[PDB]
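Comments concern the structure below.
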Amino acid sequence: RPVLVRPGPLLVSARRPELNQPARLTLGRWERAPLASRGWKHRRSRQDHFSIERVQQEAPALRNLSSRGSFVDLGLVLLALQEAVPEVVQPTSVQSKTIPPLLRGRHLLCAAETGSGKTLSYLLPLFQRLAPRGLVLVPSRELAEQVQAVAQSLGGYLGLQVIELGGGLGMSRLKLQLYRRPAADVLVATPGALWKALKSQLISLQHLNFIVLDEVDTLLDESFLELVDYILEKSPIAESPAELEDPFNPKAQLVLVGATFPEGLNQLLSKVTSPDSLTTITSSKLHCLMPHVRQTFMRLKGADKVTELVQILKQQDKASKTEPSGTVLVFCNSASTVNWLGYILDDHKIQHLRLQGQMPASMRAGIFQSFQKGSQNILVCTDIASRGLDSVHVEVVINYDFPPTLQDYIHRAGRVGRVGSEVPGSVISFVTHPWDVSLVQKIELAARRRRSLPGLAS
Amino acid sequence: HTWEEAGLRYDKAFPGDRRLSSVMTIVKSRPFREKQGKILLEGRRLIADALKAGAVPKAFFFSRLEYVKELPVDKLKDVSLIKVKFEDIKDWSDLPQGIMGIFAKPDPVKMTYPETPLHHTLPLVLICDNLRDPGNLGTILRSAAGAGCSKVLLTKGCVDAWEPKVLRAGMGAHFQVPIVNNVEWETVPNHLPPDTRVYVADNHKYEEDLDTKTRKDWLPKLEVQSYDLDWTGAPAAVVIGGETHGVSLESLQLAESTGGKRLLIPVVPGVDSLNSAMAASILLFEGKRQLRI
Amino acid sequence: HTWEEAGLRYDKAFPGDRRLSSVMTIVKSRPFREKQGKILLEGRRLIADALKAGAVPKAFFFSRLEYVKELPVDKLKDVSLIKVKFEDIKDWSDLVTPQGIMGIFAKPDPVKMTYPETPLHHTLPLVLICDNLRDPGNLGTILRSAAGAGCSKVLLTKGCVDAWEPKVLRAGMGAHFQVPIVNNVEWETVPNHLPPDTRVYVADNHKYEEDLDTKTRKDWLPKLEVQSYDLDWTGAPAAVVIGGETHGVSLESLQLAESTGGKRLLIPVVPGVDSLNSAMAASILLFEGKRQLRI
RNA sequence: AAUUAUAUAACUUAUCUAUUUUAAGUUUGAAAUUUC
RNA sequence: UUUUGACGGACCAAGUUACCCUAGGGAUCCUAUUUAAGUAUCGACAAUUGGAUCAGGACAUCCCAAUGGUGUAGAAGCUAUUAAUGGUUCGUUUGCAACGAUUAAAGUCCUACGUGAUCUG
């Protein structure tokens, strides 16, 4: 191929160079893209791989901050925010749109990607606006610890008490934890734990003034759908912002935060409030591909996945041997593979952690804290760790087992490129055999078209 | 640089060689290693030891060609001799003086043990009970190797004898005594030679293998014999208390059924159960004396 | 600053103190240990075995106060107790993660050492001589082997492992303090260290014997008859000489046995392996005498 | 290659023959199925 | 198929083809930007197999060096501050460890194996 004076950085780089896309080419809906995954059928061609390179070294979230209004324009506390969270110098796009309406008492629905500032989007108006005064519902216990820890840090600056309630915990133990802690202004609880307390009448939501739901799509899972309904009947909800500001008839302000929303959520919201009274805000990057994050795709058989994983681990070891490198996150679909793979890692004399949903709750909590403490730089975890896991220092996210759905990948994808990330994140996914090639085809096709992935509608 | 000389071929490590990648799966994964029936050897001397013993080798990786010439190349017919980076060998091994050797997983029943101990070989079987220490297992095999035991038995839960570290602890002792691994307790009676009496040196963790309802009535009242008395009048089997488990329940029960006793070694406190290498050593050696006399 | 809790006094150390720097070099660098003649002991109950057995304490550093309760509180009264950060301890030991506690010791004097009576119940009229021992686990295993066997007394010749080297002691895990050991025994004084004319048996089948043809082994040095290890050799007070790890017995040892009327003891090994691990080389011969002497 | 492999062939037992006190197993494979 | 008993999950198995078939692709220390100390012509710093030879740097101070205190009379020591100043050997290693022999001391590490530029096809 002739050497053009100005080549184009590879948008898609594959082991076979003939199909690489260097320059400005967009194919569109009608054109069938010649993807590297187009014909990834006959496993005889070992070691085929393609990687999406990082396009930006500067954080896109920090980019365009000058085009977004200041916190004062949002109605905002700043001195406490500067002391508590100096890192957020300027508001993000989601924060700028979401904060002003919340301070006015308007019910808000926020659809944005992980790490877009959704947590701070409601917390800032929540603090200014403020028998607990605020309730936080979180589906996974892992998220509860982070939310409680994050909320406690903010509370410590403001002298507020925050406690955590993890679902699946025994009724006697749950009561024991409640009695051993002082009264908390804001409570973070999971549907399983919160439902148990409500059934035993350990808490009342009639005096609740604010309810927070994190990961609404996950909270709407059938595992917690019934529990949420039981919570709703005990919770009076404000109908208009005027009632929220009415001292004679105070009611609870509802705020919804999630990355995706199942169809029919409007009907659930309609029976609690008028559809026109719900403020829906969508992030510009919601369901959009991340250019600054490297995504690696490699053809490996189940036998070769262990082979490449050792090679990848050795590559990371070599990188650490030359310059400091970030932690590596390994995602597996099943605990059995984690245990089966974990024994192989133990045979390699490699320090690593094993995390899966069926492990003891007490055991899981300690391991999660240990990883945050930096006890071990290698963590093997299941989808339970794809939600509510801190990955600010994670350099490589390894999906040993291919994620079943795009939504799960997004939660795994959100782990990299977070605010304050010390290292540039990377994503690695493995495909065993012709089981699944459409999912890779869809992801590759979207990148060439620079379009949102199919099926991500919230 | 790949060279062929006098029909002897040794290669040089290639960039991205999938041979090295496949080896890594085989080496550390014993189930895969058993699936491929291979073992890994460390050191020229220990490497040459297997060649002398007639074990079938698989592949050799070495930093210097001198090691191949230093080793007997005549026995290197079945090995692809590869010149590799010195840093790679230490990366491949979890411990390598410039060379590492892959060998076929030997079957000790099929292994050739020449005359010198066979003249001193006894109808004596050594049994390791829940021996979970890789160092002791290899360190143990010296005693079995030097003693001349007809066979060595390792109960289920014991360390893999063919693990390369156990070879380092024994420094080739696996090529000097038959070793049986992952023996089921129900099949242990079949593993004993005819008329063999099973003797258990007793030092307890083995009491945890007892049903709680039947825990207290299930203890065998098996006779205690001083280890200094004659016990080798007929073929005998020796049991070694594990470091973590000690002497197990089934060993005590089997000894009573086999007509044996407790060839009891008074265990000096400070070592709750005599070190399995120490416990193994004493039982074998004077058995040679007892039958020799 | 000393903190008092449940009758236990411990100082809070600060990183970078000159005391911390000295320990790091001693443990990590063996030559510094020889230059300074200092040793390291790890483990709360391992320290307890050392102090109860007469070990000379210098200072004890622990990450958590719980170790002090398990420490030999009787022997801590005059020893500096300082609670130190675990990171400081990690920088010191050859092991990244010690047992939460480590102690500084000077070279213990065997005369003042107190060994438990438990070996004595099984102790034999058998003395052990170590020749050019080079491995720490073997020495610790040898003393742990002796702590399991019951050797009456041990003689260490010149060139052997420093018995008090930190990794040597860890393998012993308290066995160093359970059996008598004599260090820096001169080869000329070895027969005097044993009862005069004590039959000395040399373990011979070695690494030097691998390089040297078997035939050329009796020309200039005294000729020792090769005997089977199982043949009764403890009819008289017996002494056993064991070669160093992967090196073998020295020339002086072979001279010793003939002068005392001893002979070579043969360990029949399967052809295809020239020798085996040295640690149990003592054990195999040590127990052989044990039953023979008991009978 | 993996997985089976009552084509056959062998042995064991029947079988069929002698005396006299092909089928069922297993093994090879004519092959079959799937992947490479 | 409803009931009675003391949180997170829907599939496994190699080659080879020149006997082939189809689809095609070829041939038939720089370099490119950006910056500009010193923009005719240029242009630092930057930004986009074992070995041998020679080391540079970090301080988390081993030796050397400067000091306080002392259960320091002096001198030695012990404890404590300050300091990277230059040094910090040669080998064996039955391969993760350790030993030998020396040294004022043979600190702990980093520096694409820290660092070598045949000849041919």
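By the numbers in Swiss-Prot, the shown part of chain A spans 58-133, 137-190, 203-530.
Header says: electron microscopy, 5.7 Å.
Every residue, even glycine, has its Cβ placed from backbone N, Cα and C.
Copied over from Swiss-Prot:
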type    : residues                                                       : note
BINDING : A:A172, A:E173, A:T174, A:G175, A:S176, A:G177, A:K178, A:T179 : ATP binding site
MOTIF   : A:286-289                                                      : motif 'DEAD'
MOTIF   : A:520-523                                                      : motif 'Nuclear localization signal'
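Sitting within 8 Å of the Cβ centre of A:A172, A:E173, A:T174, A:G175, A:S176, A:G177, A:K178, A:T179, and not among those site residues for ATP, are the Cβ atoms of A:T152, A:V154, A:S181, A:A331, A:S355, A:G486. The Cβ of A:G177 (ATP binding site) lies under 8 Å from the Cβ of A:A118, A:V148, A:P151, A:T152, A:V154, A:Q155, A:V491, each on the same chain and at least six residues away in sequence. Of all Cβ atoms in the shown protein chains, 21 besides its own fall within 10 Å of the Cβ of A:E173 (ATP binding site). For the motif 'DEAD' (A:286-289), the number of residues in each DSSP class (helix H, G, I; strand E, B; coil) is 2 helix, 0 strand, 2 coil. A:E173 (ATP binding site) carries neither a helix nor a strand DSSP state and counts as coil. Counting only residues at least six positions away in the same chain, the Cβ atoms of A:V219, A:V222, A:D286, A:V329 sit under 8 Å from the Cβ of A:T179 (ATP binding site). With helix defined as DSSP H, G or I and strand as E or B, the motif 'Nuclear localization signal' (A:520-523) counts 2 helix, 0 strand, 2 coil. Cβ crowding, taken as the number of other Cβ atoms within 10 Å, peaks at A:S176 among the binding-site residues A:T174, A:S176. Sequence-distant neighbours of A:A172 (ATP binding site): residues of the same chain at least 6 apart with a C-beta under 8 Å from its C-beta are A:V154, A:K178, A:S181, A:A331, A:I353, A:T354, A:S355, A:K357, A:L358. The Cβ neighbour count for A:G175 (ATP binding site), using a 10 Å radius over every protein chain in view, is 21.
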